[PDB]
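All remarks here apply to the structure that follows.
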2 protein chains.
Amino acid sequence: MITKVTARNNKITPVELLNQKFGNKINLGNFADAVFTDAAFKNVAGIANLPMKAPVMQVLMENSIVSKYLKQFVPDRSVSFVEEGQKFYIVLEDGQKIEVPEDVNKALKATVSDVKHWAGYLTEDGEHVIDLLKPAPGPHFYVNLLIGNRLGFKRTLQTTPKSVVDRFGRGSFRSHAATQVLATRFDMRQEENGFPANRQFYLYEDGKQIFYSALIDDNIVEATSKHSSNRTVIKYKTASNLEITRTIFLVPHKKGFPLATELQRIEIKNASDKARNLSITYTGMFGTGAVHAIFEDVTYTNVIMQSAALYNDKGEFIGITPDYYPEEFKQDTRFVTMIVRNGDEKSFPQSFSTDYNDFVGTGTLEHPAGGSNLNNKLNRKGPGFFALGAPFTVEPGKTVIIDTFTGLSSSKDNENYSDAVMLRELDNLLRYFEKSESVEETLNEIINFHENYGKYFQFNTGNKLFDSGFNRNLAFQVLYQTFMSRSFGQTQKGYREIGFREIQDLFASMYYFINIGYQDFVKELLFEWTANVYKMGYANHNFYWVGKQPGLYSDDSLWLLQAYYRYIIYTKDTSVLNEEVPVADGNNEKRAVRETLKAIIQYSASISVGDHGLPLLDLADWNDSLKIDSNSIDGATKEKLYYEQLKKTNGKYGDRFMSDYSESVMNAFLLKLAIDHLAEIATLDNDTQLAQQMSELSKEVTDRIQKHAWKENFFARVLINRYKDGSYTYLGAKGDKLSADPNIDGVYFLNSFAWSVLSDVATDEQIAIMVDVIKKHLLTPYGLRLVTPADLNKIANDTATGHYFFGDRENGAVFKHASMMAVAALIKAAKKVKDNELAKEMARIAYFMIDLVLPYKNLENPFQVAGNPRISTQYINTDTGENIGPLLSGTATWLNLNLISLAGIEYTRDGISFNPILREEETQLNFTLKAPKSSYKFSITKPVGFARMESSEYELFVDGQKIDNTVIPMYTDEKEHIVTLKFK
Amino acid sequence: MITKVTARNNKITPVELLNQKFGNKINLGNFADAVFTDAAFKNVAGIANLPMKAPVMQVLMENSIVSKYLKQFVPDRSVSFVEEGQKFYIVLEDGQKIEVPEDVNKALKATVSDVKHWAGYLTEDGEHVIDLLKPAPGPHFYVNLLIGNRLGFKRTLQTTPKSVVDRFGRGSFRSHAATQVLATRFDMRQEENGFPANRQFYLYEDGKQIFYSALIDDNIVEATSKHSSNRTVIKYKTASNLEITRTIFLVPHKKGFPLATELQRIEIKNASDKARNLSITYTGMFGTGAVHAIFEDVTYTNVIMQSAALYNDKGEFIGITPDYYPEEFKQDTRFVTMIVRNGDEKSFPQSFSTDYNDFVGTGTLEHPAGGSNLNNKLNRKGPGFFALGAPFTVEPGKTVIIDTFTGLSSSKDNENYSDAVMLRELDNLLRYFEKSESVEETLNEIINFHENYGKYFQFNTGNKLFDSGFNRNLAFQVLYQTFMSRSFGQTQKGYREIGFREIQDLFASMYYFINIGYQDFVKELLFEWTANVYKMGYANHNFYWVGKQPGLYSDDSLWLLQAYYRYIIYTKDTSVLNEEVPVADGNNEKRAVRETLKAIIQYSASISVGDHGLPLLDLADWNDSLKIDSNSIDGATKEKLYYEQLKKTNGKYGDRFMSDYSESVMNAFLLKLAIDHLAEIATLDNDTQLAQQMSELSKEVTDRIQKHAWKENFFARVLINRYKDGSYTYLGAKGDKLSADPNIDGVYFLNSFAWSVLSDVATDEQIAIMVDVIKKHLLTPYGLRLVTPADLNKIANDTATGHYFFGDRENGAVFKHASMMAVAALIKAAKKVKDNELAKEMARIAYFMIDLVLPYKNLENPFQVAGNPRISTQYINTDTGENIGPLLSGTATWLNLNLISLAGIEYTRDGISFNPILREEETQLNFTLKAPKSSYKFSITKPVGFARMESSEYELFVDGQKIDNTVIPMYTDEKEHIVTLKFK
Ligand SMILES: [Cl-]
Ligand SMILES: [Cl-]
Ligand SMILES: [Cl-]
Ligand SMILES: [Cl-]
């Protein structure tokens, strides 16, 4: 009877149909756009020969002239617009070509004139200039991320403030953890991160609204947004020649300031020849302290608070704070204030409202009925809506500046906390920003800070989109992730703690922090992670103020050896091994770092191992889908069972924990690398016993991996020990019996390849075999997928039943973080494998994948690939090519490592092992590199084609002297050194 | 330095300041309104002599003419408007009285003209007629609640659909449990129950928007809403003489229909002299199946679904369904369809959109840029936004009808479930509603169903607001709560299961259901609760599909004896005692109801008792604040410990469980009543052994309560057993040492009084003493508070510190459910106490409290008392008098019981024990009463003053015969009997 047609099962698209109906009576070009004319999909209206994919028909339908014109043909007849000469015609299925009227011709010409820039463009400094009327490619594309600065102050990760701002300034603003200053919204749309009033304001004249910052109407003649490094600037021009500018940024911390302050400066220039008597109404919504009650008890969120007014020492109203009854919601105190600067005069708000219903009245948020006559009523309840009002006359050619300060003080940074602390810190803040120029000086301080931070590594290639993308945008994102991990963004809105394994972010950022004088901050972070390791060697899976989930995931601790290795090899600072750091078990116990590193290795190499001597998988490892063992145990449980086992069987600590649990081959590689790292650290520390022990153990673990985990054509991913009849014994290579694709024998995991190489286990021949498998079965037109299709229900039960349509997340996506770990392996191998043709191929795959993740390239075909042109996104949908959020991701961290590796930089025992791998079409590469006590300018030349030091002829010079040693010294002479490499 | 002034600490209000500057220069009347002119509160603008409190200055400020005029004086000068003759003047502090201009005079006259009806009015049938422009007293005031009908079908409480509708049709619509059909909103405002698009639509003419159902602009000349029993009707008239009517109701279930369907009929009449070519765009937002991911992973909610189109057998598009990938979200299937009826023609939508971004475009939801040219694009992602479009020409004087059907099919009502089941059920639904008249016939069926249901008891007094409020509105609410408990409303939006103790709702509703032929449904509910009792006698605290929380709260099982007693005494059906019902412990074990009732009593009278032989409190009882014992145990834990104790101490089952846990005196009263009830049931069942055992146990328990819980001037609330030195031994009477009010010796709990009387434990002298304490310390100007101030930290560290400002919830509110249980006690005692002056006083308190809870009285001073004039609300704030939500409450259930009790009806062994208690000022009371096999007309007359059968002279007649027996038979002769009572 009734039938159902899904979006995916719909037989044909509008553009396919347009081509069928017109493709051989007009030239449709390389791109076109079309819409079905009715809900049964039999006819289309389209337009030919666009420069890229873009929703042109949608914009044309918003135009009353074109819309009316089309209704003489649609819906019963299909039509296509076509431009010949500089005239537009409409075409019918029967062949009639009708020259469109003059007014339709103009509208069509204006609409197509700049399609190539509809998603905006990048400045030479990598800032995104966005048109406030144009459609968005996707919900992350027009988003900026802002951060404070708590360097030099306590608990930087846990206390730095953070904000998200879209092109209209929508979004939210948080202090520590998920403490909301301006309210988050948890609703149906990814596009809605915050309550809609946040950061927005209205202008009035003669009691009538003339402007709302989140509404572009016919009275707005220009409106653009510019996302830059740690600030957003939004500009509008009215038909009445008012020029409005909004600048939004977070205040860097200073002693005595509130823990979080977001500053929004509003400049209003009267570019007309007549004075105007205006007023502003500045609005927003404070976040609730009772976040869970938004779901459970909205009335509770209202009754537990009231609004309160703030007054300076002269008795003048300055703004609003939401006042809470319960003690648990009094440990933070929010505020909003405003100063109006009008010539000589400084003034504060003259009126306010604090009840959304009274403010909107019979109107809407875009056109509030009470917006021009604020009622000065302090609301007895929440929610903490606010509106602050002030009048000002602005003379011809003059500007009025309104500075707004929104924020929160907290017990997290103050003993003996009460709202009296907020009032003192707010006074400190307002005194600091009393002089108009202080706001611009602080903004310039922010700009200069991030510019200085980025100087660790700077590309100079003349592709300015690439150079700015790396030198500014990626450098900022890696700083952002060091402080914020994966805890905040446009669509990351729930409370998330710091995952132990996300020490990875420091792998890339540590060099940046060390080269602006913050080596001690890097050490602090290393020690903070180290305090989340237990005596036995497992780790809290997550931490924030304290740690939780002891040993729940099997990979976690192993990542810490990579962090220590990177730090110690770069700085030669072995003193960190002797730091006495709290053990995660508590009871006031401390242990030297060195002994904790040994314990990490002993847990995964000796105690928590399976029948083949490889680390147990436990609940899961890096891959949360590998819920292979349904009766897994965490580390606290394992520890108790382990001591009971040693007593029952007369064992000694360090003996294996006995079980039929499955083994993680990826953990085996992380462990082998960790052991190598500790061996090299011990050698640098002149600790001969530990170096010998670790070198021997590395050899042993390598032997176990080769004997038990190489399976025909790949390193397996999991070894399975509970089927003694042999029905299943491994997952992750040919013959595993677990493929869900009839055309593939085996399941193949990208990380088995990547980590076999990064750990220096895979032989050259094993690499060649695995790369062939990757080319055939893991490399898609959108990049390297994480794994091939598997049927894990044959061995396990519940991370089962699929949740995604093909292309999304676990159903076949390109996970860009994993893709970048594979690229790290491809680069490392391309530098050293003997076979130059294997090296060439691996480098081609590396650059292919980097090209699919570089954010600036999202502006090449933005309405297909979406993403965000200044900030990474997490995955590529393999059905559509769309880059899909969230923003913060291991992608950015490993992309940074990978581009520096391709430029040739690896830090080793004796200095910089220099071995660059350029693109085949590049003939030059130039960059600068900072070190703590020296600097370098690197220049690389080569012919077109693949070239690498392993197989190509070259000449290397340092400071004008031809040298044969490709390990460049780490200089300490406070000079700039010139490195020149010329391939023959 | 900076100072802070809270809403509550603000020294003086605007009206206080208006009175101070003008109160002896003009007569400000009984009511006035005022606003501060600026943020420092030094001056005011106000208006004199209003008929009630109302936000008049707010409405005046929305008026351009009045707002401009007031700027000649404000903010520097205070002003008051005043009306002399029928002309308006403005007064200044210096005495100047200024006749205001004529345009200002007109605006002022118009604004004040109908203030007394700004919150709407009630029709004679109790329906709330609401103006769509006027402000709301509070967020529950303009709300209606809708319900389906699953009587005659399986799992009624778990499967009946339900909806919330405000005056604009905003809100949400659910199937089983918290399954969302139309999306709920969990955001900052109590006013926002649903996604804003839900139920709303636009009209277009010549490509231009002319109407949006949720926007009243200058082109709307009339706009009202009428909330009635189980439907809402919203009417608009445009300046162009279009008349638009929306009717919203839930479809009663029929075999073959979807489990949930909400029908919205839209009627568009062209009351002009020229035909109009119009189109409609009908919108909404489907609820997500992944509710938790709205908070945790919004991107997930989008990617797991796509939109799909629906087509009838002729290939015509009919609507949209959101299609889900994961199996767990495929067990319900949602739909929306639409039919346009235009003269002879029936048509279906010609276009649709399913992407919110494409629909709104550069516009707003109120003015969407894509609303008149839907794109016919099926969205590959969620959220499930929908817009259905259709054109129609409407001739002069003619009407077009658009019927919309929104709903969900479910596996909860169908084996072998898939979306094919939805398509079949939708076809059945649309075939049923093919003929235009079927919609009106179903609506009339609903109206007639609720009118017939209410006939069990009908008041006929000189007050139609009271009569309709009881006979229609309260009767509906009690039905609603029988099906929905406390699980849904404007602000009740989380998932809530059925609380065991909320069997209370059936105490009132069972008589209504029995008198429309649904006695078997009442039995089924009794058996359903009985299956949530464990063998030992404790109960699951909550249940829905299955039960949970075994014995967590100590009072739960005892309420079931009141339900069985009411049922058995009314019907004489003792057969239910022999029903074999599953025990909550499972393992396919069943037990006869009789033995389960005995076990309930044994648990609280013998096993789970403390040192005084009274029931243990456990975690808490009816009162969730009595977390006195921090090491409490649930029933499963207690049962395991109990069997171990019987073995260690050589005991027998039925012996006391030994502990120092605290005892609940309220539970002792519930238990004593339960025992009396089982004794009487056993006597009716001719079970002499059980009757004698229960009568003896009642005597024993009464003696325990009198000996151990009467403490000088009150029955205590908790006995404390863990302080062997006597430091504390009770809570709830003089001398308990636990008061937090220096002026009160002791803590007093309203329920100690109420349940001591309802259980027939309190002596007349005890009642007199407790009523005195109540008058002095529990009776406020807003009614009976639940408890006096207590400092429980002295016995239970681990506490709270309070969470509310004074007046709200636990900090001193009038909890209206508890107030009604106390009124039930006051009525019971007033009928029987020997002292007529005590009876008179208690009846006065009873009617005082009833007057404060009757919903229709919320329209007397609505901007102060708020609430909802058709539906109860939960509490009264004792600082302001505001009635605060939520809507569903034990208030309605016990109000219904109390008003019937006051009218004189109590069912006893031999019939109807008739003993009415009228108001002193009443001289007559007439009502009708239905019984299963007879009916009654009751008439009572008396002179002014207090009269009751216990102490006043009267004559009682039945069918014309004077009688002395005040127990009227329950007749079975299918005749109407006339009962006449005349007090002398
Ligand atoms: Cl994000
Ligand atoms: Cl993996
Ligand atoms: Cl509610
Ligand atoms: Cl109580």
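Values below: all heavy atoms of this structure, side chains included; hydrogens, waters and symmetry mates excluded. Naming: A, B, ... by sequence-line order, numbering from 1 per chain.
- Residue contact with chain B, scored on non-hydrogen atoms closer than 4.5 Å, involves the side chain of A:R809 exclusively.
- Taking a 6.0 Å sphere around NZ of B:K381, one finds it holds 12 or fewer heavy atoms contributed by other residues, nucleotides or ligands.
- For B:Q190 and A:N302, the side-chain atoms include at least one donor-acceptor pair closer than 3.5 Å.
- Side-chain contact between A:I2 and B:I318: present, with at least one pair of heavy atoms (C-beta onward) separated by less than 4.5 Å.
- Salt-bridge formation is detected for the pair A:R380/B:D879: a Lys NZ or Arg NE/NH1/NH2 atom is positioned less than 4.0 Å from an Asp or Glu carboxylate oxygen.
- Using a 4.5 Å cut-off between heavy atoms, A:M285 contacts chain B through its side chain alone, with no backbone atom that close.
- At a 4.5 Å heavy-atom cutoff, the contact between A:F295 and chain B is made by backbone and side-chain atoms alike.
- Contact check for B:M188 versus A:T301: no side-chain heavy atoms found under the 4.5 Å cut-off.
- Heavy atoms of A:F41 lying under 4.5 Å from chain B belong exclusively to its side chain.
- For B:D297, the part sitting under 4.5 Å from any heavy atom of chain A is the side chain, from C-beta outward, and nothing else.
- Both the backbone and the side chain of A:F805 come within less than 4.5 Å of a heavy atom of chain B.
- For A:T801, the part lying under 4.5 angstrom from a heavy atom of chain B is the side chain only.
- If you measure heavy-atom distances from A:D38 to chain B, the contacts under 4.5 Å come from both the backbone and the side chain.
- Proximity to chain B is limited to the side chain of A:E882, based on heavy atoms less than 4.5 angstrom apart.
- Residue contact with chain B, scored on non-hydrogen atoms closer than 4.5 Å, involves the side chain of A:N10 exclusively.
- Residue A:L365: no heavy atom, backbone or side chain, is found under 4.5 Å from chain B.
- Looking at heavy atoms from C-beta onward, B:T3 lies out of side-chain contact with A:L310 at the 4.5 angstrom threshold.
- Between B:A39 and A:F352, the shortest heavy-atom contact is CB-CD2, 3.6 Å.
- For chain B, no part of A:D217 is nearby; none of its heavy atoms comes within less than 4.5 Å.
- Taking the side chain as every heavy atom from C-beta outward, B:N357 and A:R189 approach each other to under 4.5 Å.
- Defined by atom type and a distance below 3.5 Å, a donor-acceptor pair is missing between the side-chain atoms of B:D323 and A:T6.
- With a 4.5 Å cut-off on non-hydrogen atoms, A:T491 touches chain B through its backbone and its side chain both.
- Using a 4.5 Å heavy-atom threshold, the side chains of A:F195 and B:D187 count as touching.
- In this structure, no portion of B:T354 lies under 4.5 Å from any heavy atom of chain A.
- With a 4.5 angstrom heavy-atom cutoff, A:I884 touches chain B only via side-chain atoms.
- For A:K71, the part lying near chain B is the side chain, with the backbone staying farther off; criterion is any non-hydrogen pair under 4.5 Å.
- A donor-acceptor pair shorter than 3.5 Å can be found between the side chains of B:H803 and A:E328.
- Side-chain contact between A:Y311 and B:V5: present, with at least one pair of heavy atoms (C-beta onward) separated by less than 4.5 Å.
- Of all non-hydrogen atoms in A:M61 and B:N373, the two that sit nearest each other are O-ND2, 3.3 Å.
- Contact of the A:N811 side chain with the B:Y325 side chain is registered, since non-hydrogen atoms from C-beta on lie closer than 4.5 Å.
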